[PDB]
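**Q** Take a look at the following structure, please.
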Amino acid sequence: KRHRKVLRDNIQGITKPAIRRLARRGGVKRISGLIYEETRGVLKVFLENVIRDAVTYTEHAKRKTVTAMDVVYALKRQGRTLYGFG
Amino acid sequence: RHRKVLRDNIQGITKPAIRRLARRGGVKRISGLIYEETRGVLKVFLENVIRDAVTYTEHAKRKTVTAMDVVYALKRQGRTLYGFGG
Amino acid sequence: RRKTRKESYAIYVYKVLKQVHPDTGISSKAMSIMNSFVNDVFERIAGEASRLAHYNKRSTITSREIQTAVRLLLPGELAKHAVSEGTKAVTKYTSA
Amino acid sequence: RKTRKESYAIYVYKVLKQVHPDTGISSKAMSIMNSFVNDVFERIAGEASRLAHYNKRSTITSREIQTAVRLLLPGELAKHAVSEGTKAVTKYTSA
Amino acid sequence: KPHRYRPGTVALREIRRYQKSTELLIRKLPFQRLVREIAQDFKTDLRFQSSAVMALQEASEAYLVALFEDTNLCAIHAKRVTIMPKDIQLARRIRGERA
Amino acid sequence: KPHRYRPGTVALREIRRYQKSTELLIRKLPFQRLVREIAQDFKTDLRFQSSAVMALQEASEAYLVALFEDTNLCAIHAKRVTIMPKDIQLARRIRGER
Amino acid sequence: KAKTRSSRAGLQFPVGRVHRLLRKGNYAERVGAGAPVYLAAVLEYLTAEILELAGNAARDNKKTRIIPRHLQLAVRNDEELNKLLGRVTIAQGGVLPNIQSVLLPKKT
Amino acid sequence: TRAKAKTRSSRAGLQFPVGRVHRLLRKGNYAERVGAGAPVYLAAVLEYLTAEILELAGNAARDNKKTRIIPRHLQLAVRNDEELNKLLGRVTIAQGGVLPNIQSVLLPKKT
DNA sequence: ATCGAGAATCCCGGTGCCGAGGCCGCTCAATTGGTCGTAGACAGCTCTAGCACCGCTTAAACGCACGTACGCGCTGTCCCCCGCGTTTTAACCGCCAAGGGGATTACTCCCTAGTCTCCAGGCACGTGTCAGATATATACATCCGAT
DNA sequence: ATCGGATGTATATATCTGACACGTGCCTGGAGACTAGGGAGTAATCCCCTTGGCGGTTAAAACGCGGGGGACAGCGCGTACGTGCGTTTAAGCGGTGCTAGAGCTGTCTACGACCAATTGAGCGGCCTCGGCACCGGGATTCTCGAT
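Residue numbers (PDB author numbering), protein chains in the order written: chain B, 16 to 101; chain F, 17 to 102; chain D, 26 to 121; chain H, 27 to 121; chain A, 37 to 135; chain E, 37 to 134; chain C, 13 to 120; chain G, 10 to 120.
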C-alpha cells in the first residue's frame, strides 16, 4: 500500500508553514494571503531555469543521472554560485 | 582674461542636467536633496570605473588612457557597452 | 612605411543585411555596434565552450559542444532555430 | 583501482595551524574552503587570461597577477596581498 | 486564564530562532518529488544523486530567502509591515528577475 | 496673459522629448574636467583620448538613467509620483550597491 | 599533381577567420573540424534576425540607413534578444518609450 | 642528480603547493607560455586570503563558544567584514543561514 | 502609572558515539637539470594626436517670484491573518532487493595539429554622390482657460 | 460640460554637404594537400549506488476558531518645487601651436617547454577517542496581564 500517498498539492509541497519558515528566516513578520501561490510560482520558475540548464549538462556527457557537480556548475553559470558540493 | 571661475568639478553636473536625465528616465517631479545624492552616486560610479581603467592603463605602462581601456573596465563590472570596439 | 590594419565583421554584416532587406543601408556607428556585438556573442559562446569542455575531461571543441553551449545561452525559440541552422550547416557542409 | 583525487585540505589545515593553532575545523567547512580556493583561483586565473590577452602578450608573469589582484581584491585586501606577494617573489628570488 | 502573548511575540521570537538556526527547511520527499516532476518535462526517466537534491534545496531556499529580504525592504519602504504580492513583483522587477 | 501650463504638462511633454531623442546631454567640458579631477587621485599627470570621455559619458547616462528607472518604480510603489532620496537609497540597496 | 581550384568555404561567414579565433584564444588545446561552421551558422542566424528587426523598425522611421537607435529598440522590443542582451548598454541608444500609467494625466 | 633534492614552498617560505597551482595554471589554457615566478605570487595571495577567512572564523569560533569551525562561522565570519563580503557577494555558502539582521520597524514600540 | 505566573531561554553534568583527527603504505607528480627557439624587454624614431591658448556667439545655466498640488499625519473601519487547541496524516526512519547505470580499463582507430606553398579576399585607400539635417513655410491635434 | 487662442507638433520642399557605398590595388592569411601521434569513440565488465517497497511512529501539516491590529480611504494643511521671465555666463566653436607619447620596426637577449631519470608527499585505508549533541535537571529573564 502507500497509506494516503496522494501528494495532492502536485507542487504545493512547499506547505504554507514551510514558506512561513523561509520568510521568517528572511526576517518577515506578517504574510498576506496570496503570497503562497505566487511563492510556488517563483520557486517553480527558478527551478525550471536551473534544472533546464542542469539537465543539458547531464545530457552532454550522455549520462542518465544528474549529479551534484551538474547543478553546482549550472548554478555558477547563472551567477548564483554555491559552495559545499564541489 | 576670459572668466575661468570654474571651481568644484563635481558641481559642474548641473541641476538641469540631472533634471534632463530624470526626464529621459521617465521621472516627473524631483525633490530637494536629490542633486547632492545624485552627484554622490555618479561620483562613486566614476571612481570605481576610473580606478579600474587606470589599473588597465598602468599595466601597459602607458601614460594615455584609451577607450578600449574603459570599455574593458565596463565589461568587467558587468556593464558592457558597445560602440567603441571590443 | 604605410601602416597596419585590423579586421572586422563589417563586410559580412553588410552581406547579411543584403540578404534580408537588400535595398536598405546601414550607418557606421551601428556597424561598429554590430561588430562589437558579434565579438561579444562570439566570446560568450567560445567561453561557454571552454567551461563546458573543462568539465568532461576533454580538450577538444567539436561542433556538438557548440550545440550544447548555444542551447545554454540563447533562450528558447532562437535557440531552436539557431541549433537547427547549425545542423543545416554541418550536414550541408559534409554532404558536399 | 580507485582513481586518486586532489584537494587543498591539508594546506587549509596547515594555515589553521598557523593562525589559531589549537582549534578544530569541521569537514563540510573544509569543503567550503576547498571550493573557495578553486573559485578565487579561476577568478584571477581568468583575469590573468584576458588581461594578458589585451596587451598582445602570450605569457602570464607576476606583473599580470599583481594587476589582476588589484582588480578583484577590494582595496585594503589588495594592498596586503601585494605586500605578501612581493615578499614571496623576492623571498623566493633571494635563493 | 488562557492568554496568547500577541501578534508579534511569536513572530519576532520565532524570527530570532529561524534566523539563528542553520538547517534546511522544506521537507525532503515533497521537494525531491518536485524536482523530479519538473525534471520529467525536459527529458524522460532521469536519475538524481541525493546530494544534488540537497544542492537544489540549498540554492532554492537561499534564493527565496534573499527574495523575502528584499521584498521586506520593499514593503517597509511603503510604511507597511506586511508582504503583499505586488511587492514581490517589484523586487523581481527592480532586481531584474521580471523578464 | 496667464497661458502658463499645469505643473506636469511641461514635465510629460518633456518626457516625450527626452525619451524620444538620443543625444548626449551633460556638457562635455565640465564632464571632462570631472573625469580628470576624479582621475588625479589614483595617479597623476594623465592624458585621455576624447572617445574614452565619450565612453564614460555613456556609462554615466546608462547607470544614472537606469537608477531613475528603478527609483521611479520604487516611489510609484509608495503611491507617490515624486522621487525622494530614500528611494534612491532603496534601489541601490536592492541592486546591492553597499 | 596539384590540379585543383581555390573555391572551398562556399557558405556564409568566414570559417577560416573564426577558426583562427577559436584556435588563438586558448580555449582548448585543439579544435575540431566542424565547429567554426557551426558557430558561424549560429552567428549568421542571430545577425540575420537582429538586422531584420532593425530592418522593419528602420522602415518605420521611413529611413534607409539603420542608426543605433534602430538597434536599440530593435533589440529591446523582442523578448529573447533583450534577454540575451539585458546587461549590455548600447551607445547612442536611448530608451523605449516606457511611461508608467500613473503618470498619464487623466480627467473628464 | 640529487643536487639537494629540495621542493619549493620552502624556497619561497610559504605553505602552498607551487607545483600543483603551477600545473593548474598551465592546464587550463590561460596562456601558451607561463612565466617563472607567477604561482609563487599567486600562492602568496591565496595564503593571505585563506589566513584572513580562517582567522575571522577563529575569532568568531571562540566568540560563539566552540572549538571547531563549522560553516555557520564561515557565514558570519565572511559577512561581517566589508571587503570579504564584497569579494563574495554573489556566493551562497551551504549550511550558512543568515547573519542576524532585524529592520528597525519590526523591533517593538515599547516604553 | 508599576508588580507577579509563567513560560521560554540560558547554565552545568554524565553519555555516547561517531565524525574529526591522526598513522601507515604507497603511486606519481613534483623536482632537478640541462637545452632553444622566441617572446619580449629595450632603444630609438615619428608623427600624430592630445594638450594648451585666445577670441566670439550664445544656448544654457542661474536666479527671483508664485502657486498649487503633492506629501504626510490623523481617523475611522473592516478583515485577513496571527495564534492556539485537535485531528490526521503523511514525512521520517530501518531494512530489505534488484539492477541500471556510473566509473574503469582496455582496444582500436580515425583526425585534427603541423608544414609549406599559393593566391585572391578583404582590407587600406581615393571618390562623389543621395539621405538627412536644416531651414522654411505651412495646416492639424490637443491643451487650457472661460464659458 | 463646448469653443477658441494658441501653440507645440506633424507635413511638403529645397539645399548643401558630406558619410557611405563603391572602385583600385595589394599581400597574407585562408586554404589545400599531405603526415602522425593521441584523444576519443566504442565494448565490456565491476559493483555500487540509485531506486523501490514495506512496516512502524509520529512531528508536522491541516483545519477550525477567536480577535485585533494593519491596510487603506478620506482629509486637511503645509511647503517646495515646477513654470516662466530677466540676467549672466561660460560652453561650444574654430582656429592656432607645440610636443609627449602611441605606435612601428628593429636588436639582442634571458627564459619556458621536452625529455627524462629520481623520490618523497599527499592521498586512501584504517584506527581512536573527545567535543558536540543531548537529554536532564534547574535558576534567569522577559513578557503579558494585572495593579
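Each residue gets a CB set at the ideal place from its N, CA and C atoms; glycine is no exception.
Give the interface partners of residue 98 (chain F) over in chain C, defined as CB-CB distance under 8 angstroms, in chain order.
**A** Taking the second sequence and counting its residues from 1, the one referred to as residue 98 (chain F) is at position 82. Per Cβ cutoff of 8 angstroms: 100, 101, 102 and 103.
**Q** Please determine if the stretch 60-73 of chain A and the stretch 21-32 of chain B are in contact, where contact requires at least 3 C-beta pairs separated by less than 8 angstroms.
**A** Enough Cβ pairs lie closer than 8 angstroms, so yes.
**Q** So which residues on chain B does residue 112 (chain G) lean against when the C-beta distance must stay under 8 angstroms?
**A** As a working note, residue 112 (chain G) is residue 103 in the eighth sequence. By Cβ distance, chain B contributes 42.
**Q** Are at least three pairs of beta-carbons, each pair with one atom in the stretch 62-70 of chain F and one in the stretch 83-102 of chain E, less than 8 angstroms apart?
**A** Yes: the two stretches touch, three or more of their Cβ pairs being nearer than 8 angstroms.
**Q** At which residue ranges does the stretch 61-118 of chain C contain complete alpha helix (DSSP H) runs of 4 or more residues, listed in the order of the chain?
**A** Runs found: 80-89 and 91-96.
**Q** Compute the Euclidean distance between the alpha carbons of residue 32 (chain H) and residue 57 (chain A), then round it to the nearest angstrom.
**A** Locating residue 32 (chain H) in the fourth sequence gives position 6, where the first residue counts as 1. Locating residue 57 (chain A) in the fifth sequence gives position 21, where the first residue counts as 1. The straight-line gap from Cα to Cα measures roughly 33 angstroms.
**Q** Excluding sequence positions up to five away, which residues of its chain have a Cβ less than 8 angstroms from the Cβ of residue 49 (chain C)?
**A** On the seventh sequence, residue 49 (chain C) is found 37 positions in, with the first residue counted as 1. Correct list, in chain order: 23 and 27.
**Q** Exposed or buried, residue 82 (chain G), counting other C-beta atoms within 10 Å across all chains shown (16 or more means buried)?
**A** Counting from 1 along the eighth sequence, the entry for residue 82 (chain G) is found at position 73. Classification of residue 82 (chain G): buried, given that the 10 Å Cβ count is 16 or more.
**Q** Counting Cβ pairs closer than 8 angstroms, one from the stretch 111-124 of chain A and one from the stretch 43-52 of chain E, do we hit at least three?
**A** The answer is no - the stretch 43-52 of chain E does not touch the stretch 111-124 of chain A, with fewer than three Cβ pairs under 8 angstroms.
**Q** Nearest-angstrom Cα distance between residue 75 (chain C) and residue 42 (chain D)?
**A** Position 63 of the seventh sequence, counted from the start, is the residue given in the question as residue 75 (chain C). Position 17 of the third sequence, counted from the start, is the residue given in the question as residue 42 (chain D). Rounded to the nearest angstrom, the two C-alpha atoms are 15 angstroms apart.
**Q** Does the beta carbon of residue 86 (chain A) sit closer than 8 angstroms to a beta carbon anywhere in chain G?
**A** For this step, residue 86 (chain A) is matched to residue 50 along the fifth sequence. Cβ-Cβ to chain G under 8 angstroms: no for residue 86 (chain A).
**Q** Quick one, which of D:63, D:78 and D:69 has its alpha-carbon nearest residue 60 (chain C)'s?
**A** Against the seventh sequence, residue 60 (chain C) aligns to sequence position 48. Per the Cα distances, D:63.
**Q** Per the DSSP calculation, residue 51 (chain D) is bridged to which residue(s)?
**A** Position 26 of the third sequence holds residue 51 (chain D). Beta-bridge pairing links residue 51 (chain D) to C:78.
**Q** Please determine if the stretch 72-88 of chain H and the stretch 33-42 of chain G are in contact, where contact requires at least 3 C-beta pairs separated by less than 8 angstroms.
**A** The stretch 72-88 of chain H vs the stretch 33-42 of chain G: in contact.
**Q** Can you name the residues that DSSP bridges to residue 46 (chain F)?
**A** Position 30 of the second sequence, counted from the start, is the residue given in the question as residue 46 (chain F). DSSP, once it has assigned bridges, lists E:119 as partnering residue 46 (chain F).
**Q** Could you give the residue range of the alpha helix (DSSP H) that holds residue 103 (chain D)?
**A** The residue you call residue 103 (chain D) lines up with position 78 of the third sequence. Counting along the chain, the alpha helix (DSSP H) containing residue 103 (chain D) begins and ends at 102-119.
**Q** Does residue 13 (chain F) come within less than 8 angstroms of chain H when only Cβ atoms are used?
**A** Nothing about residue 13 (chain F) can be reported from this structure: the residues present for chain F run from 17 to 102 only.
**Q** Under 8 angstroms, Cβ to Cβ, is there at least one residue of chain E near residue 126 (chain A)?
**A** By 1-based counting over the fifth sequence, the position of residue 126 (chain A) is 90. Chain E contact via Cβ: present.
**Q** Whose Cβ in chain E lies nearer than 7 angstroms to the Cβ of residue 38 (chain F)?
**A** Position 22 of the second sequence holds residue 38 (chain F). Result: 104.
**Q** Straight-line CA distance for residue 49 (chain B) to residue 106 (chain E)?
**A** Against the first sequence, residue 49 (chain B) aligns to sequence position 34. Against the sixth sequence, residue 106 (chain E) aligns to sequence position 70. One C-alpha to the other measures close to 25 angstroms.
**Q** Using three-state DSSP, classify residue 98 (chain B) as helix, strand or coil.
**A** In the first sequence, the residue the question calls residue 98 (chain B) occupies position 83. Here residue 98 (chain B) sits in strand by DSSP.
**Q** Rounded to a whole number of angstroms, what is the C-alpha to C-alpha distance between residue 41 (chain A) and residue 40 (chain B)?
**A** Start at 1 with the first residue of the fifth sequence, and residue 41 (chain A) comes out as number 5. Start at 1 with the first residue of the first sequence, and residue 40 (chain B) comes out as number 25. Their Cα atoms are separated by approximately 21 angstroms.
**Q** Using 8 angstroms as the threshold, is the C-beta distance between residue 108 (chain A) and residue 57 (chain B) below it?
**A** Residue numbering aside, residue 108 (chain A) sits at position 72 when the fifth sequence is read from its first letter. Residue numbering aside, residue 57 (chain B) sits at position 42 when the first sequence is read from its first letter. It is not a contact, given that the beta carbons lie outside the stated cut-off.
**Q** Our contact map puts residue 87 (chain C) next to residue 111 (chain C) with C-beta atoms below 8 angstroms; I'd like the distance itself, whole angstroms only.
**A** Mapped onto the seventh sequence, residue 87 (chain C) falls at position 75. Mapped onto the seventh sequence, residue 111 (chain C) falls at position 99. Incorrect: roughly 20 angstroms between the Cβ atoms, too far for contact.
**Q** If you measure from the beta carbon of residue 131 (chain A) to each beta carbon in chain B, is any gap under 8 angstroms?
**A** Reading the fifth sequence from its first residue, position 95 is the one you call residue 131 (chain A). So, not an interface residue.
**Q** State the DSSP-derived secondary structure class of residue 63 (chain H), mapped to helix, strand or coil.
**A** Numbered from 1 along the fourth sequence, position 37 holds the residue referred to as residue 63 (chain H). In the structure shown, residue 63 (chain H) sits in a helix (DSSP, three-state: H, G or I).
**Q** Give me the Cα-Cα distance between residue 47 (chain G) and residue 31 (chain G), rounded to the nearest whole angstrom.
**A** One-based indexing of the eighth sequence puts residue 47 (chain G) at position 38. One-based indexing of the eighth sequence puts residue 31 (chain G) at position 22. Their backbone Cα atoms lie some 8 angstroms apart in a straight line.
**Q** For residue 34 (chain D), which residues from the same chain have a beta carbon less than 6 angstroms from its beta carbon, with the 5 sequence-adjacent residues on both sides left out?
**A** Sequence index remark: in the third sequence, residue 34 (chain D) carries index 9 (1-based). Correct list, in chain order: 60 and 63.
**Q** Any beta carbon of chain F sitting closer than 8 angstroms to that of residue 60 (chain H)?
**A** Working through the fourth sequence from its first residue, we reach residue 60 (chain H) at position 34. No, residue 60 (chain H) lies away from the interface with chain F (no Cβ there is under 8 angstroms from its Cβ).
**Q** Rounded to a whole number of angstroms, what is the C-alpha to C-alpha distance between residue 37 (chain E) and residue 51 (chain B)?
**A** Working through the sixth sequence from its first residue, we reach residue 37 (chain E) at position 1. Working through the first sequence from its first residue, we reach residue 51 (chain B) at position 36. Computed Cα separation, rounded: 59 angstroms.
**Q** Beta carbon of residue 99 (chain H), beta carbon of residue 93 (chain G): below 8 angstroms?
**A** Stepping through the fourth sequence from its first residue, residue 99 (chain H) is reached at position 73. Stepping through the eighth sequence from its first residue, residue 93 (chain G) is reached at position 84. Not closer than 8 angstroms, so no.
**Q** Sorted by chain position, which residues of the same chain lie with C-beta nearer than 6 angstroms to residue 108 (chain C)'s C-beta, five sequence neighbours on each side aside?
**A** Stepping through the seventh sequence from its first residue, residue 108 (chain C) is reached at position 96. So the qualifying residues of the chain are 85 and 88.
**Q** Give me the subset of the stretch 52-77 of chain D whose CB atoms are less than 7 angstroms from a CB atom of chain F, sorted by chain position.
**A** So the list reads 54, 57, 58, 61, 62, 64 and 65, given in the order they occur along the chain.
**Q** From the DSSP output, read off the bridge partner residues of residue 84 (chain A).
**A** Taking the fifth sequence and counting its residues from 1, one reaches residue 84 (chain A) at position 48. The partner list for residue 84 (chain A) (beta bridge, DSSP) reads B:81.
**Q** Output the distance between the C-alpha atoms of residue 118 (chain H) and residue 13 (chain G), rounded to the nearest integer angstrom.
**A** Here residue 118 (chain H) is taken as the residue at index 92 of the fourth sequence, counted from 1. Here residue 13 (chain G) is taken as the residue at index 4 of the eighth sequence, counted from 1. The straight-line gap from Cα to Cα measures roughly 17 angstroms.
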